[PDB]
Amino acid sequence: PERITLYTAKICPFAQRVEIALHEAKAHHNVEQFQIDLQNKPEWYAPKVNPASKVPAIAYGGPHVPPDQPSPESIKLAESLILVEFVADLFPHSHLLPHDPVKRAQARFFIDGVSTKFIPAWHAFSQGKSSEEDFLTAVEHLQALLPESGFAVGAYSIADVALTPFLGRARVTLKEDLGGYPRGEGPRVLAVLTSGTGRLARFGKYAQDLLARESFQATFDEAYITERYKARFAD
């Protein structure tokens, strides 16, 4: 494929979707990463790369230029889920997109549950807005989609890419008691989520498998995330 510049940020789960995808494609060393400081965004980023002023975004093709001077001739692409499909298209040997039309629809249906159920319910519960039961119920929705063994549709796919960054960050939030509930409640919910026993036994197994995946670990700066999450809570 043509050259890829990825504009990303270690803190951002949506960006990590694209980093995971590239890693599963064993292409993470082919691409040029540029880290965006979301508290001090470069003045060229929005007008030249992504008018929404968010990561992730990719510049595709065009001439070799420094990443802080992106070329007008490169194709600019945004939105994490699209970028993950684009990577799976560009690198078919990644096997991120299943061949079977049915399994693709199922993988994407799982992504829709991640978008419309898991992420909103995690946001609402981690921010003190909703109940623990509301979060567990949304997880149970994903659990009910899981097959007896393996990942969201058996073989690892884009469905697992879409979810893992948010699961990895939830774990930090919960493990570290940063969820706005008294000391120890976060960790108890983390156990429900990932123990592999109880109402969420099967999801727990799946979650263990997602967090163990090499592409997740390789694109996740746990020390950095933990530090930033503690500091934010402290405010």
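Residue numbers run from 1 along the displayed sequence.
- For the pair 38-46 and 55-63, the record assigns the higher mean C-alpha temperature factor to 38-46.
- In this entry, 91-99 shows the higher mean Cα temperature factor of the pair 70-78 and 91-99.
- Across the options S149, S126, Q106, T116, the residue with the most elevated CA B-factor in the record is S149.
- Ranking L163, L83, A121, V153 by Cα temperature factor from the entry places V153 first.
- Sorting the modelled residues of the chain by their CA temperature factor places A21 in the lowest third.
- Per-chain ranking of the deposited C-alpha B factor places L193 in the highest third.
- Ranked by Cα temperature factor within the chain, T137 sits in the middle third according to the deposited record.
- For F14, the recorded CA B-factor ranks within the lowest third of the chain. Only modelled residues enter the ranking.
- Ranked by C-alpha B-factor against the other modelled residues of its chain, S130 falls in the highest third.
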